[PDB]
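The structure appears below as structure tokens.
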Amino acid sequence: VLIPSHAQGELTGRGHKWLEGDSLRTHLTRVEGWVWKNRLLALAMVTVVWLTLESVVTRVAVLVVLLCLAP
Amino acid sequence: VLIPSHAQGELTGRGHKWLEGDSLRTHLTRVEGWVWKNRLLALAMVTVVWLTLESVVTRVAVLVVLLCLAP
Amino acid sequence: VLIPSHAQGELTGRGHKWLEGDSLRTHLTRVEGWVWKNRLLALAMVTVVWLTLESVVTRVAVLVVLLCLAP
Amino acid sequence: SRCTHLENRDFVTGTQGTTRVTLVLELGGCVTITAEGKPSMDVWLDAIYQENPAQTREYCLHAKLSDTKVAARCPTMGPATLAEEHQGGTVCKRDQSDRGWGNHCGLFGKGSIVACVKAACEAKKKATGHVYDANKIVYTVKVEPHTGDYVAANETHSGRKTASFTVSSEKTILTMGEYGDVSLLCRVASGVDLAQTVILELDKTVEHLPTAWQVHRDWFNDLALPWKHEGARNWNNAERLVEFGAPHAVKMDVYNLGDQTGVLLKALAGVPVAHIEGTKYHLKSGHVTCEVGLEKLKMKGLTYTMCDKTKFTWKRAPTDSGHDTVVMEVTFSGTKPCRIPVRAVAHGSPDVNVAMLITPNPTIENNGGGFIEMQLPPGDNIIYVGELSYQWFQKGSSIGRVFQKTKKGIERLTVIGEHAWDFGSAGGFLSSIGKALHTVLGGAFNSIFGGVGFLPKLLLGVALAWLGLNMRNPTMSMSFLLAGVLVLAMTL
Amino acid sequence: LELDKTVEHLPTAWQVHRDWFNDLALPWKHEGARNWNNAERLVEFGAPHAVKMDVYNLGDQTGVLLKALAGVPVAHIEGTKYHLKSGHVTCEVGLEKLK
Amino acid sequence: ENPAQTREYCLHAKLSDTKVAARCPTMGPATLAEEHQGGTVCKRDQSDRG
Amino acid sequence: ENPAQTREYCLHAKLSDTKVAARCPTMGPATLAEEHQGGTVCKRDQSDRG
Ligand SMILES: *[C@@H]1O[C@H](CO)[C@@H](O)[C@H](O)[C@H]1NC(C)=O
């Protein structure tokens, strides 16, 4: 049975937590894990943008979802 | 002193050869040198796309050209 | 493996410098590289002018750029 | 076999009704030929060299400056003659400095000044270009049959005959042991374009460098360095490595541009290397067309029998070649020599043998035999060697291997392939129509551009393709169709 | 994949996939290779104060691997034979000599 | 019957022989003999030299 | 007078004791003792073993 991570208390920041901003960029380097290791899917997420949506402003949230959501 | 490269010839090759893996990628490191080290001017390039005459075919034929101008 | 030039830097100068009448003219002699070796391309850029463009103002912006892009 | 020592291996089958087959023997490939009812042969080009050919323009990459003298005069006191101007290998430059009274003049203004040096060269810092004379050029072709023995790369094969092909001796016969004779006819003229090839040479005694290179002619004739011949003492245009600074009225300083070796080595990106084994100047890449006559060959072991079924043991594990063939080696310690019972059934029908052999008629000799190679269709395959068998799955697909032959039929069509359409053999309206479509094509397209490179090819192609959209006459809009060829073809 | 089999209360062998196996960002080595390749993964750093940055030991990974992980199979070892527990194999069965 | 092995993976690491060195901002940035020994993990970083 | 010198550079390389090791694909990929030594340049690659 898992133990959740403690990212929902951020208490202070003047001593030394474990990892600085890199731990905040775990879900910003794993996204590059989605990009570089799934180039098939990385190119498959372009056909959603300019063929199905036609919704220029609201395309950003669509580009975030299905990339950053899944682990 | 001037020497142009042997990019002109590129005559044969099925034995051993030079750094053709990183010969065309000399320029691909140069232009990314123009990007990663001049980020203000790299973001200055966006002011031609969505502000000036954005005729569909003549967007990229101005962009990639202007990026590859700077040696 | 690439050392960038001091096209970029250009700090100062009232002393002595290397090649101030050639730094600008290395590229001009390289253009002579893409003309004297490529006289057939010197003829190939003529058909760009009078048979295709019909855009007198933008003709120079085609010719000079397509010569300077050639490294 | 030598074809199982490297990557590029191209099979050319031999039909019955056609026994004289034209090949293309590139340098760095190995063509295995499988003729029906004949022993299958391995043919490859070994080396392309010349025993100390002529040499052209050399270039000194590190100028040896010496005897640096500066003449200067007051502005109206006679621009000074120097005896050092009048020898070759000397660089001089006139200039107008500004004389003061700090250097003992009578007047000021534009003081005339000139400096001179003796631009010698550094030891073993010569960029020696060479050319080819086809009088001493040699194309070496070694042919090795399948004797049942496998021989290593560091070893040599006893039955490996060697044929040298100069332009003077263009018809050669090689007795392939008991297998018979092979008739080889290689036209040296219809091979490597020797006219537009410069062999560059730096210090060969430097350990960690390529000995020679293989560069373009008109590239090499328009370098911007000092340049002398064989046995020349004077230099020409040596002012390229020698750059004069601005003076201060007495001594216009002269500055060497140092060594330019790495400068040249950055200009050799995409070059094929060239070995120098002392006398010979080897190439490592090339192409030639040869003709392989197998009518004077025959098998070995036709007056023998099928072997025992039992005494075969695996010395060696049947594995895939990386080119859809299965190699092995048996230890038969019995009734020698004999035709090995090589057979390989498929999945779906255990009746039919489908073993498309590469070594035909394998025999375990009194000192030889063992190496067997076969090509198989996809699926489960039980390769019997007597009672001894082997479960094998051929990992390639059915259409995948044919598509692999098309992949070779694409990647072979680089500048080697622009001359090479003799992968077939007297096709009539198949092969000669390939020459009819492509000889004028590659013949004209290499003539234009002068050779310009991937960046200006994928620039000017896209440029003319953009000019296709801005077209006045739709009947003359096939210039766009010409432009479409100028993008996709030259990406090899 | 094989951990300490001498631990009494565990399975002995396991069965996992090659792609994820090369996506393991634990420090690795081969048979006889002395030192760990990419050893900067169980070893991390911090920020000093002008003198000493303390290179922190980071510990064990028996839980992240095997315990919070969603739907992976197992295997078995009995001595010197690395068994499996999942599998499949195509066999043709000829009953022609039976009675 | 004992197949070949691939990459092995350490679970519980062990550290010893920890050596730390720093330098002033313009006094030749730090080196160690264990920067290029086998099985040694290092990191260059900017401290705040008082 | 003798200011604090920064990064030196090397323009001409000195190369000696060239050591090459190769392995089969699935027989424990190639390692050397000089891979981790100081002043050494290495590059891991894959050959075509016959
Ligand atoms: C060829 O190389 C192998 C590999 O170590 C060696 O065992 C064999 O003895 C060598 N033979 C010769 C003639 O060098």
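With +1 assigned to the C-beta of every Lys and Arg and -1 to the C-beta of every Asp and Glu, and no other charges, what is the dipole magnitude of the protein assembly as shown about the Cα centre in debye, to the nearest 20?
Using only the charged Cβ atoms, the result is roughly 1000 debye.
What the phi angles of the range B:2-17 give under the Karplus curve with 6.51, -1.76 and 1.60, with θ = phi - 60°, is a coupling list of 10, 9, x, 6, 8, 5, 4, x, 6, 6, 10, x, 9, x, 10, 9 Hz, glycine and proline written as x.
At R0 = 51 Å, how high is the FRET efficiency between E:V16 and D:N367 if r is their beta carbon distance? Nearest 0.05 is fine.
Numbers: r = 49 Å, r/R0 = 0.96.
E(calc), rounded to 0.05, equals 0.55.
Could you pull out the trypsin sites (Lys or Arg not before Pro) across chain A that fall in loop regions by DSSP (anything but H, G, I, E, B) with no more than 15 other Cβ atoms inside 10 Å? Show your work: numbers first, answer last.
Values: sites: A:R14, A:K17, A:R25, A:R30, A:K37, A:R39, A:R59; in loops: A:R14, A:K17, A:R25.
Passing sites in chain A are A:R14, A:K17, A:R25.
Near D:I48, the amide H atoms lying under 5 Å from its own belong to D:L283; only residues 5 or more places off or on other chains count, and H is placed 1.01 Å from N.
Say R0 is 60 Å: what FRET efficiency, to the nearest 0.05, do D:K251 and A:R39 get from their beta-carbon distance?
Details: r = 62 Å, r/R0 = 1.04.
Efficiency at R0 = 60 Å is approximately 0.45.
Between the alpha-carbon centres of the range A:1-30 and the range D:1-38 there is a gap of 63 Å. Each semi-axis of the equivalent ellipsoid for the range D:1-147 is √(5λ) with λ an eigenvalue of the Cα gyration tensor; in descending order they amount to 71, 13, 12 Å.
Quick one: Debye curve from the C-alpha atoms of chain C, no solvent, what's log10 I(q)/I(0) at q = 0.12, 0.13, 0.25 Å⁻¹? Log-scaled intensity ratios, in q order: -0.49, -0.56, -1.15. Which value in nm describes the separation of the simple spin-label points at D:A54 and E:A68, placed 7 Å from the Cα toward the beta carbon? The answer from the label model is 7.8 nm.
How much length, in nm to one decimal, is gained on full extension between D:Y304 and D:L430, taken as 0.36 nm per residue of separation minus their Cα-Cα distance?
Details: separation 126, 0.36 × 126 = 45.36 nm, distance 4.16 nm.
That pair, D:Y304 and D:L430, stretches by 41.2 nm at full extension.
Relative to the longest principal axis of the Cα atoms of chain D, helix D:398-411 runs at roughly 30 degrees. For the range D:272-396, the spread of Cα positions along the three principal axes, ordered from largest to smallest, is 55, 36, 31 Å. How would you classify the protein assembly as shown from its alpha-carbon gyration tensor, with a ≥ b ≥ c the square roots of the eigenvalues: rounded for a/c under 1.5, else prolate if a/b is greater than b/c, otherwise oblate? Since a/c reaches 1.5 but b/c is at least a/b, the shape of the protein assembly as shown is classed as oblate.
Axis of helix D:478-488 versus longest Cα principal axis of chain D: the two differ by about 80°, to the nearest ten degrees. Across the range D:243-340, Cα-Cα pairs farther apart than 17 Å form 81% of the total.
Qualifying chymotrypsin sites (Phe, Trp or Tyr not before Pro) in the range D:1-104, where qualification requires a DSSP coil assignment and no more than 10 other C-beta atoms within 10 Å, comprise D:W101.
I'd like the orientation of helix B:24-36 relative to chain B: the angle between its Cα long axis and the longest Cα principal axis, in ° from 0 to 90, rounded to 10. That works out to roughly 30 degrees. Taking amide H as placed 1.01 Å from N in the peptide plane, D:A344 has its amide H under 5 Å from the amide H of D:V354, D:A355, D:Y384, each at least 5 places away in sequence or on another chain. The phi torsions of the range D:384-391, fed into the Karplus equation with coefficients 6.51, -1.76 and 1.60 and a -60° offset, translate into couplings of 7, 10, x, 5, 5, 10, 7, 5 Hz, rounded to whole numbers, with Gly and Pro shown as x.
Here's the picture: a label point sits 7 Å out from the Cα of E:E40 along the beta-carbon direction, and within the range G:15-50 the residues with their amide nitrogen under 20 Å of it are G:32, G:34-45.
Dipole of chain D, Cα-centred, from +1 at each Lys and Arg C-beta and -1 at each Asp and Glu C-beta, to the nearest 20 debye? Kindly include the intermediate steps, with their values, before the conclusion.
Details: 50 positive and 47 negative charges, 117 e Å.
It comes to approximately 560 debye.
Per residue, the convex hull around the alpha carbon atoms of chain D comes to 217 Å³.
Give me the tail of P(r) for the range D:231-277 as a percent: Cα-Cα pairs with distance above 12 Å. Across the range D:231-277, Cα pairs with separations above 12 Å total 77 percent.
Scaling against 2.2 N^0.38 Å puts the C-alpha radius of gyration of the range D:181-233 at 1.66. Orientation-averaged projection of the range D:356-492 equals 14.6 nm² [convex hull of Cα atoms, one quarter of hull surface area].
For chain F, which semi-axes, largest first and in whole Å, follow from the square roots of 5 times the eigenvalues of its Cα gyration tensor? Walk me through the intermediate numbers first.
Details: eigenvalues 268, 25, 18 Å².
Over the Cα atoms of chain F, the ellipsoid semi-axes are 37, 11, 9 Å.
Summarising the amide proton neighbourhood of D:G427: residues at separation of 5 or more, or on other chains, whose placed amide H is nearer than 5 Å comprise D:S432. Charging the Cβ of each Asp and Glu at -1 and of each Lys and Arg at +1, and nothing else, the dipole of the range D:261-400 about its Cα centre rounds to 360 debye. For chain G, applying the loop criterion from DSSP together with a ceiling of 11 other beta carbons within 10 Å to the trypsin sites (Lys or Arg not before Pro) yields G:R7, G:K14, G:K19, G:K43, G:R44, G:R49.
Partner chain Cβ atoms within 10 Å, averaged over the residues of E:38-45 - can you pull that number for me?
On the way: counts 2, 6, 3, 4, 8, 6, 5, 6.
Mean partner shielding for this stretch: 5.
FYI the Cβ positions are ideal-geometry reconstructions off the backbone, even for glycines, and counts take in every protein chain you see. Bear in mind these aren't lab numbers, they're just calculated from the coordinates by the rules spelled out.
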